[PDB]
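As stored in coords.pdb (PDB, C-alpha atoms (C1' of nucleotides)):
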ATOM      1  CA  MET A   9     -14.035 -16.438 -41.608
ATOM      2  CA  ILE A  10     -15.678 -13.130 -42.625
ATOM      3  CA  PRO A  11     -15.561  -9.983 -40.417
ATOM      4  CA  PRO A  12     -18.406  -7.417 -40.734
ATOM      5  CA  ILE A  13     -16.696  -4.386 -42.313
ATOM      6  CA  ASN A  14     -14.826  -6.562 -44.845
ATOM      7  CA  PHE A  15     -18.239  -7.937 -45.869
ATOM      8  CA  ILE A  16     -19.513  -4.373 -46.498
ATOM      9  CA  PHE A  17     -16.332  -3.622 -48.478
ATOM     10  CA  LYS A  18     -17.403  -6.306 -50.980
ATOM     11  CA  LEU A  19     -20.749  -4.523 -51.510
ATOM     12  CA  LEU A  20     -18.884  -1.396 -52.725
ATOM     13  CA  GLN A  21     -16.767  -3.106 -55.393
ATOM     14  CA  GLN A  22     -19.572  -5.310 -56.735
ATOM     15  CA  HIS A  23     -22.043  -2.373 -56.710
ATOM     16  CA  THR A  24     -24.716  -4.843 -55.567
ATOM     17  CA  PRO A  25     -28.300  -3.700 -54.845
ATOM     18  CA  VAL A  26     -28.956  -3.735 -51.099
ATOM     19  CA  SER A  27     -32.087  -3.096 -49.028
ATOM     20  CA  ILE A  28     -31.681  -1.436 -45.614
ATOM     21  CA  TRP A  29     -34.036  -1.809 -42.636
ATOM     22  CA  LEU A  30     -34.579   0.848 -39.944
ATOM     23  CA  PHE A  31     -34.212   0.703 -36.152
ATOM     24  CA  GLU A  32     -37.671   1.234 -34.635
ATOM     25  CA  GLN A  33     -39.668   1.242 -37.883
ATOM     26  CA  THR A  34     -40.645  -2.023 -39.617
ATOM     27  CA  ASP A  35     -43.185  -0.217 -41.836
ATOM     28  CA  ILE A  36     -40.294   1.472 -43.702
ATOM     29  CA  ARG A  37     -37.281   0.076 -45.550
ATOM     30  CA  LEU A  38     -34.792   1.393 -48.122
ATOM     31  CA  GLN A  39     -32.833   0.309 -51.223
ATOM     32  CA  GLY A  40     -29.876   1.382 -53.403
ATOM     33  CA  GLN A  41     -26.262   0.721 -54.384
ATOM     34  CA  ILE A  42     -23.361   1.422 -51.988
ATOM     35  CA  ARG A  43     -20.726   3.991 -53.034
ATOM     36  CA  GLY A  44     -18.980   4.537 -49.693
ATOM     37  CA  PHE A  45     -19.103   4.276 -45.904
ATOM     38  CA  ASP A  46     -17.016   4.924 -42.753
ATOM     39  CA  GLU A  47     -16.011   3.674 -39.259
ATOM     40  CA  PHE A  48     -19.315   4.772 -37.646
ATOM     41  CA  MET A  49     -21.432   2.823 -40.191
ATOM     42  CA  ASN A  50     -22.796   5.813 -42.129
ATOM     43  CA  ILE A  51     -23.643   4.936 -45.738
ATOM     44  CA  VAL A  52     -23.864   6.824 -49.047
ATOM     45  CA  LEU A  53     -26.549   5.058 -51.108
ATOM     46  CA  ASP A  54     -27.044   5.721 -54.822
ATOM     47  CA  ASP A  55     -30.391   5.380 -56.628
ATOM     48  CA  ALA A  56     -32.006   4.755 -53.236
ATOM     49  CA  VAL A  57     -35.710   3.891 -53.044
ATOM     50  CA  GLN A  58     -38.185   4.110 -50.150
ATOM     51  CA  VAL A  59     -40.310   0.943 -49.850
ATOM     52  CA  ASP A  60     -43.183  -0.007 -47.500
ATOM     53  CA  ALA A  61     -45.355  -3.007 -46.530
ATOM     54  CA  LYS A  62     -47.833  -1.695 -49.137
ATOM     55  CA  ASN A  63     -44.919  -1.787 -51.639
ATOM     56  CA  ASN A  64     -45.133   1.982 -52.231
ATOM     57  CA  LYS A  65     -41.860   2.421 -54.130
ATOM     58  CA  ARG A  66     -40.961   6.124 -53.816
ATOM     59  CA  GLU A  67     -37.736   7.511 -55.368
ATOM     60  CA  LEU A  68     -35.211   9.748 -53.576
ATOM     61  CA  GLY A  69     -31.794  10.107 -55.234
ATOM     62  CA  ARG A  70     -28.312   9.841 -53.714
ATOM     63  CA  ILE A  71     -28.665   9.974 -49.913
ATOM     64  CA  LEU A  72     -26.762   9.405 -46.655
ATOM     65  CA  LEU A  73     -27.919   7.500 -43.544
ATOM     66  CA  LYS A  74     -26.770   7.623 -39.917
ATOM     67  CA  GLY A  75     -25.270   4.404 -38.526
ATOM     68  CA  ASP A  76     -27.461   4.597 -35.402
ATOM     69  CA  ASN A  77     -30.642   3.755 -37.335
ATOM     70  CA  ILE A  78     -29.627   0.665 -39.329
ATOM     71  CA  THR A  79     -30.507  -2.917 -38.375
ATOM     72  CA  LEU A  80     -30.079  -5.201 -41.417
ATOM     73  CA  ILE A  81     -27.968  -4.905 -44.552
ATOM     74  CA  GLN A  82     -28.880  -7.641 -47.068
ATOM     75  CA  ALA A  83     -27.622  -8.565 -50.547
ATOM     76  CA  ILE A  84     -30.163  -8.373 -53.416
TER
ATOM     77  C1'   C B   1       1.928  11.714  -9.987
ATOM     78  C1'   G B   2      -3.171  13.289  -8.332
ATOM     79  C1'   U B   3      -6.813  14.412  -4.519
ATOM     80  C1'   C B   4      -8.377  14.829   0.927
ATOM     81  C1'   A B   5      -6.928  14.806   6.334
ATOM     82  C1'   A B   6      -3.596  15.548  10.103
ATOM     83  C1'   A B   7       0.890  17.845  11.771
ATOM     84  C1'   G B   8       5.170  23.089  11.903
ATOM     85  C1'   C B   9       9.671  20.320   9.529
ATOM     86  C1'   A B  10      14.596  18.190   9.341
ATOM     87  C1'   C B  11      18.576  17.390  12.751
ATOM     88  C1'   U B  12      19.610  16.627  17.853
ATOM     89  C1'   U B  13      19.813  16.125  24.283
ATOM     90  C1'   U B  14      17.806  13.929  28.418
ATOM     91  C1'   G B  15      13.707  11.559  31.195
ATOM     92  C1'   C B  16      10.189   7.406  31.328
ATOM     93  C1'   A B  17       8.329   2.791  29.471
ATOM     94  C1'   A B  18       8.568  -1.531  26.966
ATOM     95  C1'   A B  19      11.301  -5.550  23.292
ATOM     96  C1'   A B  20       9.658 -14.852  21.490
ATOM     97  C1'   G B  21       2.276 -13.380  21.787
ATOM     98  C1'   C B  22       2.564 -18.857  15.841
ATOM     99  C1'   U B  23      10.440 -21.845  16.484
ATOM    100  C1'   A B  24      13.515 -17.465  16.505
ATOM    101  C1'   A B  25      19.999 -13.721  14.509
ATOM    102  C1'   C B  26      16.480  -7.630  20.188
ATOM    103  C1'   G B  27      23.500  -8.271  18.979
ATOM    104  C1'   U B  28      25.102 -12.095  11.361
ATOM    105  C1'   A B  29      29.160  -9.228  17.609
ATOM    106  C1'   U B  30      30.830 -11.580  22.206
ATOM    107  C1'   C B  31      33.228 -11.188  27.919
ATOM    108  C1'   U B  32      33.408 -11.781  33.464
ATOM    109  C1'   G B  33      31.186 -13.523  37.785
ATOM    110  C1'   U B  34      28.030 -16.432  41.697
ATOM    111  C1'   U B  35      25.817 -21.350  43.066
ATOM    112  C1'   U B  36      25.334 -26.673  42.230
ATOM    113  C1'   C B  37      27.640 -30.788  40.138
ATOM    114  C1'   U B  38      31.034 -33.500  37.570
ATOM    115  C1'   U B  39      36.351 -34.446  35.732
ATOM    116  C1'   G B  40      41.968 -32.017  35.277
ATOM    117  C1'   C B  41      46.996 -30.311  37.680
ATOM    118  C1'   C B  42      47.591 -30.277  42.758
ATOM    119  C1'   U B  43      48.350 -29.789  48.422
ATOM    120  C1'   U B  44      48.634 -23.490  51.118
ATOM    121  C1'   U B  45      43.350 -21.220  50.218
ATOM    122  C1'   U B  46      43.363 -17.899  46.439
ATOM    123  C1'   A B  47      44.776 -17.935  41.426
ATOM    124  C1'   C B  48      43.592 -21.769  37.588
ATOM    125  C1'   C B  49      42.252 -26.732  33.487
ATOM    126  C1'   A B  50      37.329 -27.726  30.725
ATOM    127  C1'   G B  51      32.345 -29.743  30.381
ATOM    128  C1'   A B  52      27.125 -29.491  32.515
ATOM    129  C1'   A B  53      22.703 -27.278  34.596
ATOM    130  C1'   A B  54      20.600 -22.643  37.434
ATOM    131  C1'   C B  55      21.013 -17.977  37.936
ATOM    132  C1'   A B  56      23.420 -12.995  37.489
ATOM    133  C1'   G B  57      26.246  -8.708  35.812
ATOM    134  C1'   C B  58      28.635  -5.819  31.925
ATOM    135  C1'   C B  59      29.576  -3.725  26.642
ATOM    136  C1'   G B  60      25.709  -2.658  22.991
ATOM    137  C1'   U B  61      20.680  -2.562  19.594
ATOM    138  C1'   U B  62      15.318  -1.283  18.499
ATOM    139  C1'   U B  63      10.526   0.964  19.432
ATOM    140  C1'   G B  64       6.843   4.244  21.635
ATOM    141  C1'   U B  65       6.146   8.227  24.398
ATOM    142  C1'   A B  66       7.370  13.224  27.257
ATOM    143  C1'   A B  67      10.041  17.389  27.611
ATOM    144  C1'   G B  68      13.739  20.106  25.587
ATOM    145  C1'   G B  69      18.199  22.106  22.325
ATOM    146  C1'   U B  70      20.346  23.989  16.869
ATOM    147  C1'   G B  71      18.814  25.432  11.757
ATOM    148  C1'   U B  72      14.771  26.809   9.168
ATOM    149  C1'   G B  73       9.731  28.172   8.195
ATOM    150  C1'   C B  74       4.986  29.872  11.692
ATOM    151  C1'   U B  75       2.224  36.094   4.684
ATOM    152  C1'   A B  76       5.425  28.895   4.286
ATOM    153  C1'   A B  77       8.110  24.175   4.016
ATOM    154  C1'   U B  78       8.214  19.257   5.164
ATOM    155  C1'   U B  79       6.508  14.974   6.877
ATOM    156  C1'   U B  80       2.625  11.544   7.714
ATOM    157  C1'   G B  81      -1.636   8.978   6.640
ATOM    158  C1'   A B  82      -6.134   7.992   3.901
ATOM    159  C1'   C B  83      -8.750   7.269  -0.854
ATOM    160  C1'   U B  84     -14.647   3.512  -5.005
ATOM    161  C1'   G B  85      -7.916   8.430  -8.745
ATOM    162  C1'   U B  86      -8.462   9.976 -15.411
ATOM    163  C1'   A B  87     -12.050  13.467 -19.402
ATOM    164  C1'   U B  88     -15.386   9.400 -23.994
ATOM    165  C1'   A B  89     -21.510  13.694 -27.539
ATOM    166  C1'   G B  90     -20.762   8.585 -33.311
ATOM    167  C1'   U B  91     -23.160   0.774 -31.553
ATOM    168  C1'   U B  92     -22.801  -2.589 -24.253
ATOM    169  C1'   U B  93     -24.394   2.341 -19.094
ATOM    170  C1'   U B  94     -23.973   9.909 -18.137
ATOM    171  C1'   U B  95     -25.836  14.333 -24.232
ATOM    172  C1'   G B  96     -31.916   9.829 -24.810
ATOM    173  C1'   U B  97     -36.195   5.667 -29.830
ATOM    174  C1'   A B  98     -38.170   9.791 -27.710
ATOM    175  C1'   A B  99     -42.918  11.864 -28.233
ATOM    176  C1'   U B 100     -48.046  10.910 -28.557
ATOM    177  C1'   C B 101     -52.807   8.530 -28.691
ATOM    178  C1'   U B 102     -56.656   4.843 -27.534
ATOM    179  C1'   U B 103     -59.257   0.579 -25.534
ATOM    180  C1'   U B 104     -59.960  -3.024 -21.446
ATOM    181  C1'   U B 105     -60.620  -3.874 -15.504
TER
END

Re-express the file's structure as structure tokens.
Amino acid sequence: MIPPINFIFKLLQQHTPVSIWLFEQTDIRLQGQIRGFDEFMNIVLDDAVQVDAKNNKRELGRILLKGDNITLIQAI
RNA sequence: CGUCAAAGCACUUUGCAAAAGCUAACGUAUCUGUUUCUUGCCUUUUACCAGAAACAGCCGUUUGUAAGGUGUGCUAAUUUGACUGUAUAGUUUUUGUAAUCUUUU
């Protein structure tokens, strides 16, 4: 079987593009490649992009998120 | 170990009460006597032989309680009880996703 942090470890090596959803905000989402992370589920995204229901793709740069705000992490 | 409560504390002397509550050594010990019966050895009764049942004494044991004694402390020490006793800002409770607005009855 596949534990959750070992699954995220694969997303670092493969450098796969991953879109991230927020806690109490469906209107907003994010994108980017995963460089690194930690035990508390904080993430360092590279070439991250802010997306909406309108599809308003707005660029950001290399950012960091708090683990308290995530909900879904999905491949491609 | 920690908290709280009570109390002097440890050691000791007497007094006074108790000690099958659901089959169990108040004493991992153990002796004498009385009465009533049964058998022994016997004729003087006592003194005795060795079984029973029913009562008694004696040598001891434990507990609670009361007053004391010695040594120590009453600017402390010790005992005794009681307790829902631990420390976590990063995902399942105590360091917040909250804040704010509007319509309906």

Give as an mmCIF file with C-alpha atoms, in the coordinates of the input every residue of chain A that touches chain B within 12 Å, counting all atoms listed in the file.
data_model
loop_
_atom_site.group_PDB
_atom_site.id
_atom_site.type_symbol
_atom_site.label_atom_id
_atom_site.label_comp_id
_atom_site.auth_asym_id
_atom_site.auth_seq_id
_atom_site.Cartn_x
_atom_site.Cartn_y
_atom_site.Cartn_z
ATOM 1 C CA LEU A 30 -34.579 0.848 -39.944
ATOM 2 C CA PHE A 31 -34.212 0.703 -36.152
ATOM 3 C CA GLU A 32 -37.671 1.234 -34.635
ATOM 4 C CA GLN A 33 -39.668 1.242 -37.883
ATOM 5 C CA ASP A 46 -17.016 4.924 -42.753
ATOM 6 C CA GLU A 47 -16.011 3.674 -39.259
ATOM 7 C CA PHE A 48 -19.315 4.772 -37.646
ATOM 8 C CA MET A 49 -21.432 2.823 -40.191
ATOM 9 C CA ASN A 50 -22.796 5.813 -42.129
ATOM 10 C CA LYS A 74 -26.770 7.623 -39.917
ATOM 11 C CA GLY A 75 -25.270 4.404 -38.526
ATOM 12 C CA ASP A 76 -27.461 4.597 -35.402
ATOM 13 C CA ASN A 77 -30.642 3.755 -37.335
ATOM 14 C CA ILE A 78 -29.627 0.665 -39.329
ATOM 15 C CA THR A 79 -30.507 -2.917 -38.375
#

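Coordinates place CA of residue 82 in chain A at a distance of 13.6 Å from CA of residue 22 in chain A.
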
Write out as AutoDock Vina command-line options an axis-aligned box for range 16-19 of chain B: all of its atoms listed in the file, 5 Å added on each side, centre and edge lengths in Å with one decimal.
--center_x 9.8 --center_y 0.9 --center_z 27.3 --size_x 13.0 --size_y 23.0 --size_z 18.0

Using all atoms listed in the file, which of the listed residues (A:61, A:73, A:80, A:38) sits closest to residue 16 in chain A?
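Looking only at the distances to residue 16 in chain A, the closest residue turns out to be A:80.
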
So how far away is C1' of residue 71 in chain B from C1' of residue 7 in chain B, in Å?
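So the two atoms, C1' of residue 7 in chain B and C1' of residue 71 in chain B, lie 19.5 Å apart.
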
Shell of 9 Å around residue 59 in chain A, all atoms listed in the file, local chain residues under 6 positions omitted, as a list in words
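Contacts, with the query itself left out: residues 35, 36, 37, 38, 39, 65, 66 and 67 of chain A.
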
One number please: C1' of residue 20 in chain B to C1' of residue 64 in chain B, in Å, one decimal.
19.3 Å

Residues within 12 Å of (-29.0, 16.2, -53.6), file coords, all atoms listed in the file, listed as a list in words
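Those within range, by chain then number, are residues 52, 53, 54, 55, 56, 68, 69, 70, 71 and 72 of chain A.
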
Which residues are near residue 42 in chain A? Cut-off 8 Å, all atoms listed in the file, ignore same chain within fewer than 3 positions. Put them as a tab-separated table (two decimals) with C-alpha atoms, in the frame of the given file.
chain	number	residue	atom	x	y	z
A	19	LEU	CA	-20.75	-4.52	-51.51
A	20	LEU	CA	-18.88	-1.40	-52.72
A	23	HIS	CA	-22.04	-2.37	-56.71
A	24	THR	CA	-24.72	-4.84	-55.57
A	25	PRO	CA	-28.30	-3.70	-54.84
A	26	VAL	CA	-28.96	-3.74	-51.10
A	45	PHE	CA	-19.10	4.28	-45.90
A	51	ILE	CA	-23.64	4.94	-45.74
A	52	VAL	CA	-23.86	6.82	-49.05
A	53	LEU	CA	-26.55	5.06	-51.11
A	54	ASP	CA	-27.04	5.72	-54.82

Please write as a ChimeraX atom specification the full residue list that the PyMOL selection byres ((chain B and resi 52) around 9) yields on this file.
/B:37-38,51,53
